Amino acid sequence: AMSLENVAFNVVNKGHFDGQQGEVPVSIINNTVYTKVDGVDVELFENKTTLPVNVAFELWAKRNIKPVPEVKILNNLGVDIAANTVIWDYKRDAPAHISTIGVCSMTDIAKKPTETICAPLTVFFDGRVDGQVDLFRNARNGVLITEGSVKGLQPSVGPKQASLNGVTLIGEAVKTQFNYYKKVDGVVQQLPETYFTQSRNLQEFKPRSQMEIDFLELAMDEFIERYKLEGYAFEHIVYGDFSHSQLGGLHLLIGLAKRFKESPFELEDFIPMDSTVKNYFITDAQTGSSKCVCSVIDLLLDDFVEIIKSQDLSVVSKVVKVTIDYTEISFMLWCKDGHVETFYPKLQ
Amino acid sequence: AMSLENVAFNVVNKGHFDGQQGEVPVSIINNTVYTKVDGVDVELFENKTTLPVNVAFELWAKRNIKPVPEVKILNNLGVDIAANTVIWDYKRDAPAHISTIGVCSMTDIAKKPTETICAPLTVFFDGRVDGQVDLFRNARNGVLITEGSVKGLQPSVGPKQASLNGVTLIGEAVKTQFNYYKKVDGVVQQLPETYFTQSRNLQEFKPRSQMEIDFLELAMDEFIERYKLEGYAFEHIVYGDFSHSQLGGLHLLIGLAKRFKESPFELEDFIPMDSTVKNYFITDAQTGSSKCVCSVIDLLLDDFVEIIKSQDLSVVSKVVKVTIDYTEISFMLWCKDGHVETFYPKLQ
Amino acid sequence: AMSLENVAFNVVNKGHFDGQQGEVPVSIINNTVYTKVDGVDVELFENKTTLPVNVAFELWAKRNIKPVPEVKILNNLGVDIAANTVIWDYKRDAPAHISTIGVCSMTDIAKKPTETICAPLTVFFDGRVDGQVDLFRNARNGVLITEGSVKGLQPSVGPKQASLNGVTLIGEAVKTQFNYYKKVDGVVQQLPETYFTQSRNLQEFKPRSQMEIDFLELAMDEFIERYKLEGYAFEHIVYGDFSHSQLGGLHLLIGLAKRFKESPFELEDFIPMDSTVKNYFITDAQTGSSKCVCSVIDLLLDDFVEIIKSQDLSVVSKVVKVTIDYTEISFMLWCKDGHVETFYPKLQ
Amino acid sequence: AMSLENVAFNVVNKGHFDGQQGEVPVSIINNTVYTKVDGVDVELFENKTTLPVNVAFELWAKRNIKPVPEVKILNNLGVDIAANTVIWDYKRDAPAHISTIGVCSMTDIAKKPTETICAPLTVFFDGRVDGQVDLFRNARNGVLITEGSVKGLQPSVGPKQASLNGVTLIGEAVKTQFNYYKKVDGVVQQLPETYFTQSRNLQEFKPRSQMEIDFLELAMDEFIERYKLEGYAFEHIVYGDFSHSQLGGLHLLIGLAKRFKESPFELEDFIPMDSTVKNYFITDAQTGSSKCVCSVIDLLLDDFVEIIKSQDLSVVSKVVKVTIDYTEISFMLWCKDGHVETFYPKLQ
Amino acid sequence: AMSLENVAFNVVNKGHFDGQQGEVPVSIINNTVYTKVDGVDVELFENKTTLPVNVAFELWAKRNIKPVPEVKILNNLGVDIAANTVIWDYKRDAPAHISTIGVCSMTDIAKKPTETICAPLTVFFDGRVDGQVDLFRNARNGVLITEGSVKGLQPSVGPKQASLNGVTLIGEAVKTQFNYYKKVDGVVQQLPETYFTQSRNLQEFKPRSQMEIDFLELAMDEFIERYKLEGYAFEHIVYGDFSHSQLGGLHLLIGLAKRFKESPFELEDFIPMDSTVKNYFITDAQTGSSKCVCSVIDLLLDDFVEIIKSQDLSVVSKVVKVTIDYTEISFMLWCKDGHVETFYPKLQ
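Reading guide: rules and limits
- Residues numbered from 1 in each chain as written, not as in the entry; some residues may be left out.
- Chains lettered and ligands numbered in written order.
- Part of a larger assembly, values for the part shown.
- Heavy atoms only, no water.
- Residues with missing side-chain atoms left out of burial classes, pairs and counts.
- Helix = DSSP H or I, 4+ residues; strand = E, 2+ residues; numbered from the N terminus.
- Buried < 20%, exposed > 50% of the residue type's maximum accessible area, 1.4 Å probe, protein only.
- Contact = heavy atoms within 4.5 Å.
- Areas by Shrake-Rupley, 256 points an atom, 1.4 Å probe, with all protein chains shown as cover.
- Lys, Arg positive; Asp, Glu negative; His and termini not counted.
- Charge placed at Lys NZ, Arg CZ, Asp CG, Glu CD.
- Patch = residues over 30% accessible without salt bridge, like charges linked within 9 Å, V, L, I, M, F, W, Y side chains within 5 Å.
- Salt bridge = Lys/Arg side-chain N within 4 Å of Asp/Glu carboxyl O.
- Least-squares fit on C-alpha atoms.
- Domains from an automatic or database assignment.
- Buried area = accessible area lost by both parts, 1.4 Å probe.
- Core = buried A, V, L, I, M, F, W, Y, C linked by side-chain atoms within 4.5 Å.
- Polar contact = N/O pair within 3.5 Å; in protein donor to acceptor, adjacent residues only side chain to side chain.
- Nonpolar A, V, L, I, M, F, W, Y, C, P; charged D, E, K, R; others polar.
- Axes fitted to C-alpha atoms, helices over the stretch in contact; angles between N-to-C directions.
- Parallel < 35°, antiparallel > 145°, perpendicular 65-115°, else oblique.
- Pairing = 2+ DSSP bridges.
- 1 Å grid on protein atoms, 1.4 Å probe; cavity = no way out; pocket = protein on both sides within 12 Å on 5 of 7 lines; lining within 4 Å.
- Points joined across faces, edges and corners; volume = space filled by probe spheres on them.
- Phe/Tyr/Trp six-rings, centres within 6.5 Å; stacked < 30°, edge-to-face > 60°.
- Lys NZ or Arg CZ within 6 Å of the ring centre and 35° of its normal.

Going by the header, the method for this PDB entry is X-ray crystallography, and the resolution given is 2.59 Å.

Asks: I keep staring at the overall build of chain A and nothing clicks. Help me out?
Replies: A tally of helices and strands in chain A yields 9 helices and 21 strands. Referenced to the eigenvectors of the C-alpha coordinate spread, the extents of chain A come out at roughly 70 × 55 × 35 Å. Out of the 348 residues in chain A, the part that is buried amounts to 57%. If you take every contact in chain A between residues at least 6 apart in sequence, the share linking residues at least 24 apart comes to 50%. Surface summary for chain A: the accessible area is close to 15300 Å², and the carbon and sulfur share equals 49%. Looking at chain A, you have 34 positive and 46 negative side-chain charges, and the mean spots of the two groups are 4 Å apart.

Asks: Help me understand a nonpolar patch on the surface, please; the structure alone is not making it clear to me.
Replies: Residues and elements named next belong to chain E. Together, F270, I271, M273, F281, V293 and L347 make up a nonpolar patch on the protein surface, roughly 470 Å² of accessible area in all. Within the element layout of this structure, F281 appears in strand β17 (residues 278-284). With relative accessibility at 31%, the residue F281 sits in the partly exposed group.

Asks: So what exactly am I meant to see when it comes to the relation of the copies chain A and chain E here?
Replies: Turning one copy of the chain about an axis and sliding it along that axis gives the other copy, so a rotation and a shift relate them. If you rotate chain A by 120 degrees and push it 0.0 Å along the axis, it lands on chain E with an RMSD of 0.0 Å. Taken together, the turn and the small shift mark the pair as related by a three-fold rotation axis. Proximity to the rotation axis, assessed at the C-alpha, singles out A:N30 in chain A; its C-alpha lies 5.3 Å from the axis.

Asks: Help me understand the domain arrangement of chain A in this model?
Replies: Size of an interface, as often reported, equals the accessible area lost when the parts are brought together. All names here are of chain A. By the assigned domains, chain A splits into domain 1 (1-65), domain 2 (66-191) and domain 3 (192-348). Placing the centre of domain 1 and that of domain 2 at their C-alpha centroids yields a distance of 25 Å. The interface of domain 1 with domain 2 comprises 13 residues on the first partner and 18 residues on the second. Taken together, the two surfaces of domain 1 and domain 2 that pack against each other cover about 1300 Å², and 61% of this comes from carbon and sulfur. Interface area lost by domain 1 to domain 2 is led by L59, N64 and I65, which between them contribute 46%.

Asks: I keep staring at the nonpolar core and nothing clicks. Help me out?
Replies: Soluble, globular proteins show a tendency: their nonpolar side chains are buried together. Judged by nonpolar contacts, the single largest core of 66 residues is most densely connected at C:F57 and E:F57. One finds A:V26, A:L44, A:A56 and B:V24 within the second-largest nonpolar core, a separate group that totals 57 residues.

Asks: Even after reading the chapter, I still don't get the interface of chain A and chain E, so can you show me in this structure?
Replies: Each partner contributes residues to the interface: chain A has 27 residues there, and chain E has 30 residues. A:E268 is paired through a salt bridge with E:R63; the nearest N and O atoms lie 3.5 Å apart. Along the contact surface separating chain A from chain E lie 10 residue pairs in polar contact. Looking at the side of chain A that touches chain E, the elements that each hand over two or more residues are β16 (265-268), β17 (278-284) and β18 (290-296) of chain A. If one sorts the elements of the side of chain A that touches chain E by residue count, β18(A) sits on top with 3 residues. Looking at the side of chain A that touches chain E, its residues break down into 11 nonpolar, 12 polar and 4 charged.

Asks: Explain the relation of the copies chain C and chain E here, please?
Replies: Its rotation angle being 180 degrees, the transformation that places chain C on chain E also includes 0.3 Å of axial translation and leaves an RMSD of 0.3 Å. Such a combination of turn and shift is consistent with a two-fold rotation axis. Comparing contact sets, 90% of the residues at the interface of chain C also lie at the interface in chain E, consistent with an isologous, same-surface contact.

Asks: What's the story with the packing of helix α5 (residues 210-217) of chain A against helix α9 (residues 301-309) of chain A in this structure? I'm lost.
Replies: When two helices pack together, you describe them by how their axes are tilted relative to each other and by the distance separating the axes. Residue and element names in this part refer to chain A. The contact between α5 and α9 brings their axes to 8 Å, and the two run at 95 degrees. Classified by the angle their axes make, α5 and α9 are roughly perpendicular. For the pair α5 and α9, the contacting residues are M211, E212 and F215 in the first and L301, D302 and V305 in the second. Of the residues assigned to the contact of α5 with α9, the class counts are 4 nonpolar, no polar and 2 charged.

Asks: Hey, could you run me through the pairing of strand β21 (residues 339-345) of chain B in this one?
Replies: For a regular strand, side chains alternate in direction, first toward one face of the sheet and then toward the other. All names here are of chain B. With 6 bridges joining them, strand β20 (residues 327-336) and β21 adopt antiparallel strand pairing. Paired with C335 across the strands is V340, a residue of β21. Connecting the antiparallel pair β20 and β21 is a turn made up of 2 residues, with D337 showing a positive phi of about 45 degrees.

Asks: Which parts of the structure should I look at to understand the side chain of E:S3?
Replies: Residue placement: E:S3 occurs in the segment before α1 (4-14). A distance of 3.1 Å separates a polar atom in the side chain of E:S3 from the backbone nitrogen of E:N6. Residues in contact with E:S3, not counting those within four places in the same chain, are C:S3 and C:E5.

Asks: Teacher, can you tell me more about empty space enclosed by the protein here?
Replies: If a probe the size of a water molecule is rolled over the atoms, the empty space left behind becomes visible. By volume, the largest cavity is sized at about 110 Å³. In terms of lining residues, the largest cavity is bounded by 13 residues, among which B:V71, B:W88, B:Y90, B:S163 and B:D274 are the most central. Classifying every residue of the lining of the largest cavity by side-chain character gives 6 nonpolar, 3 polar and 4 charged. Here the second largest cavity is characterised by a volume of approximately 70 Å³. Lining the second largest cavity, in full, are A:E5, A:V26, B:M2, B:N54, B:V55, B:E58, B:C104, B:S105 and B:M106. Looking at the lining of the second largest cavity element by element, the count peaks at 3 residues for helix α2 (residues 53-61) of chain B. Residues that form the lining of the second largest cavity fall into these classes: 5 nonpolar, 2 polar and 2 charged.

Asks: What am I meant to see in helix α8 (residues 253-262) of chain E here?
Replies: A turn of α-helix holds 3.6 residues, and therefore any two residues three or four places apart point the same way. Residues and elements named next belong to chain E. With 8 of 10 residues buried, α8 is to be regarded as a mostly interior element. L253, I254, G255, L256, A257, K258, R259 and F260 are the residues of α8 that are buried. Those residues of α8 hidden inside the fold are in contact with α5 (210-217), α7 (234-239), β16 (265-268), β17, β18 (290-296) and α9 (301-309).

Asks: Whenever I open this one, the interface of chain C and chain E confuses me. Can you help?
Replies: Facing 20 residues of chain C, the contacting portion of chain E comprises 18 residues. Taking both sides of the interface into account, the surface hidden between chain C and chain E amounts to around 1500 Å²; carbon and sulfur atoms contribute 56%. Here chain C and chain E share 0 salt bridges between them. The interface formed by chain C and chain E contains 10 residue pairs in polar contact. For the side of chain C that touches chain E, the secondary structure elements donating two or more residues are α1 (4-14), β1 (26-29), β2 (32-37) and α2 (53-61) of chain C. Across the side of chain C that touches chain E, the residue classes tally to 10 nonpolar, 5 polar and 5 charged.

Asks: Quick question: what am I supposed to make of the packing of aromatic side chains here?
Replies: Aromatic ring pairs are reported here in terms of the distance separating the ring centres and the angle at which the planes meet. Inspection of the entire model under this criterion finds 65 aromatic pairs over all chains. Between A:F215 and A:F223 the ring centres are 5.4 Å apart and the planes differ by 90 degrees, which places this aromatic pair in the edge-to-face class. Measuring from centroid to centroid gives 6.0 Å for B:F223 and B:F234, while their planes differ by 15 degrees, and the two rings are stacked. Highlighted residues: B:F223 in helix α6 (residues 220-226) and B:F234 in helix α7 (residues 234-239), separated in sequence by 11 residues. Neither B:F223 nor B:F234 differs from the other in exposure class; each is buried. A connected cluster of aromatic rings, assembled from ring pairs, spans A:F215, A:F223, A:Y227, A:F234, A:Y239, A:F304, A:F331 and A:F343. The ring of C:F242 carries the charged tip of C:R259 above its face, separated from the ring centre by 4.0 Å.

Asks: Before we go on, may I ask you to explain the sheet that holds strand β19 (residues 317-324) of chain C in this structure?
Replies: Whenever strands of a sheet pair, they do so through backbone hydrogen bonds, lying parallel or antiparallel. Residue and element names in this part refer to chain C. Taken in spatial order, the 3 strands make up an open sheet running β19-β20-β21, and their pairing is antiparallel. Among the strands making up the open sheet, the edge pair consists of β19 and β21 (339-345). Sheet twist, expressed as the mean angle between neighbouring strand axes with direction ignored, is 30 degrees.

Asks: Looking at this structure, I do not really get the side chain of E:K291. What am I missing?
Replies: Residue and element names in this part refer to chain E. Inspection of the secondary structure puts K291 in strand β18. It turns out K291 is buried and unbridged, and the closest side chain with the opposite charge, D241, is 9.1 Å from it. Within polar-contact distance, the side chain of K291 engages the backbone oxygen of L247 at 3.3 Å. A polar side-chain atom of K291 sits 3.0 Å from the main-chain carbonyl oxygen of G249. Contacts of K291, omitting those with residues within four sequence positions, involve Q246, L247, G248, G249, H251, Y280, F281 and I282.

Right under this line is the structure:
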């Protein structure tokens, strides 16, 4: 018994869709869903998607409200659709996937993932939901997350963090660390050895290692000496060079975060989506130093230090490939006389 | 159990809302209601109203599909709302009234006309629906239509024609002639003696008397002589004068209809609504003769002949009041030396 | 080198997309595509689809401008997508299919039908285009049209008529009769023996047999006697009964066409799309006789006479299944004492 | 004292803007202007322009309601703006020019044409309005129309027809024939000798010469012999060839009009605007013969016969330039062995 | 080779338009430009302008990304258009000028500023671009900025600050101080002696003099004594009087900034645009003291102290004119018994 008024009833009385019986008066005007509360119209939903207003409304109401993998992770693993749930993309303010399985009717391609249309698609299964592990076992292509061991299957320990209602966090009262499994053309695939992005914010950055606590407290010169980072161009790559019209380096979030506490700058997020590498149009308010495409990655400093120290510095320019968030991230390594000049990620 | 998808289900399977259980997938995009029929979207409704798309959709689906009084009649009688039905205004392509009684959660002011909010409003009751006559008896203000006698109440025999799904007609297989009753501040009001407009179209004009048959076929001079209409300025009033830049007369629909068969002209209906007197911006293609506001009434010729002959021709200018469609229509009578110069209606 | 301005350049200079190099200034405002022609904006396209304006613009510009099968036929054969072309649905004023193959960067699911995503889809192939027959041979599911024989494949002779730029016609200067082939899960499927709808209009109806010439000119009683149709309820079924409030019969387009010449009526096409059986909300202007759902089929009278005479008249109510336009059309046959009472189609 | 409500007051009570004092309630919703008439909203204006709704509303209300030159003529003469009036483009349903002079606070570039911003623009002056002739004399660039002689200025006798409220006509009760004057960089320019298009419709075509009366009634062979048009390829050029998939010739409106009475066809007007040469996407219903770009001109047959007979038939291909509607129209003349093969206009 | 998809390609890969070859899939829905990134739509641009979505998209992509004069300065100098660049108005989130020169085609009036249409317009030239100084020399009307001396031309030293991607700043890594030149009807005009607004923000205010450091640190009474400002109504004019229902004074940004650190208030910016004088609807949260139109100027305190001390205090009310940002700013000076009562700017 699916309807617009029933979805709105659930939003008003439960906060989201909870399969409760009931209806409220709804009005649709210019990509917005309103409800009449005591003779006046209250806005329930504003559609920022490329889908019809009422359709997007239902998908939003039916979003997964338990901790879920971040969209970048899901994308990197090649997820096309989710089994009987909606992964909401809070960065895009729209559903993460086009179609659904047993969710919305206007977007459903199938009621169950066992339907043949799903066979060529990489279905996301959640081991926390009953029967989902068995469904992954019977699926041609799929990605599965679990909180524990799955008999016969070799896991891949995922990120420490996960997204709970658009809030990325490392769960204390909830489990956010999952086991990852992937199947391609009926065959369980061995997931690669990978680094993970920390998914932190520029304004309220939290150090997650002693090196990071030290980076923030200590000065450039002292930090570089303490962690013996001479000739690795750390000054340029992490802290950034603001002396010229064109901004130099600054490709590590912890560096932006340090600069931001001292002096604010403008970050124009021109491709607003969830991805491993982010590109920003940066303008530094203090100096006037700027850069159109500034690639920024959020790696735990210790991991970045490991990657840069694990490189051959004997060539002028070279593409370096690093497995981050289950995907291959191309870095551009520039050297001179056996020392780093610059090392930055590329968005692809 | 009212919902958007249930309304659409009824439209698709029954042609209108018929209280049948079921749901279809619906999508709302740019003031249009679409339904998915075998993987493609089919347009169910395009909103031309000032109401939200889904609201207007429900009202349209819930429109009265039996012969009903024409909007002009209902307006002239001072109708504000309808009891448990929707009178659809096919001229405006929108509901005839703003609010509803027991029809839609969004536009309802009340579930029943007995609710005190309805008391100051002129509620339309349909005696063909059970309990509606008793409801009119208990209403402070209202208008009632019936096919037969109502005990103790003095009727008013209405027009021969009525609107059936936007088609105005004189019913053969259905009854279109109703008895009219009106109440004001709890008191039954005596409805005036009145003439009725014929509600005909310019393109498919049908004469409804021998005089009308004679007008459309005989020459101007022949007709005037046959029906002894000398000095009544019929040539100017009914037929119209196209010899000057400004169009003369042409205030009777029959006249326009006669001209239209011979030579076409442009009628710009600048206030598109149902009314007793219609104003048009007329441009005659043949001559180039035009008029911004041209008042046109559709009275049976014999009725117009009766009105014009029942006038005192001894004054230069005079306002003449005629009860047409239960309302007072102001006519402007211009005379010279005991003969009519012009006699036109005024859209006031 | 695909772009908005290049598509518009082609529309302005060639009438549709013709792969010609060049660009014109374009402006997009309220679901309309405009072009600047000598300092003023001229409307190129108004979007009536559920797709983005520019996307729908490209699809319209890239529509098939050669005679193609009618959408009803393609739908009945279970067509999901077209190979390297756009079938434009002139009844819905939108593309016949959601996705495309090698047509538009925005709606393409694949560049070629050989891509595995196309495998589960019923792909329409046009044998008039080079390599398309071989592609049908290599496709898992598909429908193929050809003007001639295909080696090893058993044809199905399709309708005499086809759609050329929204004009349905039987080609004289062009070929409109095609050979039809269908494949399901890699296997060539034998298409059923079938009747075909004539795809005619109510207003410009053209008889296509001597029987049809006779129906439109002879009186009801004269025709029934000439073609010995006594006890087949043709009076009711084809001609229609307008004596009651509810309209009786009138299920054959020829019948409607006959009535329409004599007396006009309102046909409300509530599901506006191309289909074998059409449902209309009919209101007869003369009588006031009406029906919410009136199923109308356009079969050549002789074919209808063949179907009705080939039935067993010994049961009260029975579902009769007839293959029309490659699909199974359920008819409802009602009898009494060995004669037909009614025989109408069902839009299911 | 210009305002939205005052403009609407004028539309409702006068048919257009007439500088009358007063106001009505107005509501703007989805590119439409509504007015409240007895508790319900009536649509006054639907915006089909690229200008804001209220702005376009004012311009429409303030449109010139006297016979004016057709937009094609004004365009061909290089008109950029009008002096203290709005020329409404009824083909585009939008104002003919972007900016205004002393008309609307929103689109005005100046209050008077004497303002220096108007100097580089070709300003249209109407000699029927007081002081407009003197203003043309003081303007750097401009076009002037007059009903009579202008002292010292050499006239150009314009078309017999003019547009009165979107109705093109040859005035009987009004003057539609004007004298034309043009100035460029302060200098009066001599307007060329020219032919004029007849501005007729395909459906209601009226012959304007004995030759035209003869064309529409006589057989192709009979006409060619009567007017001695052998070897001029009139059969192909005017009448059109429908024997092949691609439509042959049919470049004269009279020809289309003749064909249309006998057998209807689809004319897709892909660039909907007023112009001397019109291009259509034609599909002939009877044959299936079609053409993407079909150039059609409406010249009086006698004028076309004069042009084609005044040509040298001794070359294979040649561009022929003809002054029609004050502009240079390029015709493509194709010959073989001293006879015409084809002669068509080019929409350039 | 200008196109929508090429502009989007540049935005995605370069951060703005950089004349790079390539195309991405684009979709336009409800005044927003989206791009398909790995099967999902990502928002590239939301149109807040009165221009068509795609047009505004191009102008935004083609905006000047080097430090430029602030819109208020450009406006005050009477700039109508920019030569081969787009000045983006970050306060209005729309282009600073209507038309363009050699930038966008739908907005271009000319390809070069040498075209005669540009002659009556005040063109902005940037001396940092090659050939631009020579173009200013040949222009009838224009404004030129340079980083250094221009032979023969007498400069006007402009503000210390300039706008870099909507960030107003005094450049350290870039030059923000320009030389200004202006030409009117071919004559180089001597620019006036002027004060400059500091273009600072209320929330992160930075003192730019010792007096300003002192204003913020010291208390009202002590500051007024230190800088001998008795009888100049500094308490009222700069710090503001919050004791009555109507807010007193507070017309200097440094005063709002001081109050804001202590106690926050609501500033309603009802005319959101860049201007020398700003008007706000202020409501003080602590007291409830408010003012509809509160004129606020951001002058360096020392400059304001200079202006107020340079006035004759011998009259009750007087209009005082001050050249700020190259324009004449009218101040209202109110006195009583030889001391200031109030002194505030006026927005015009």
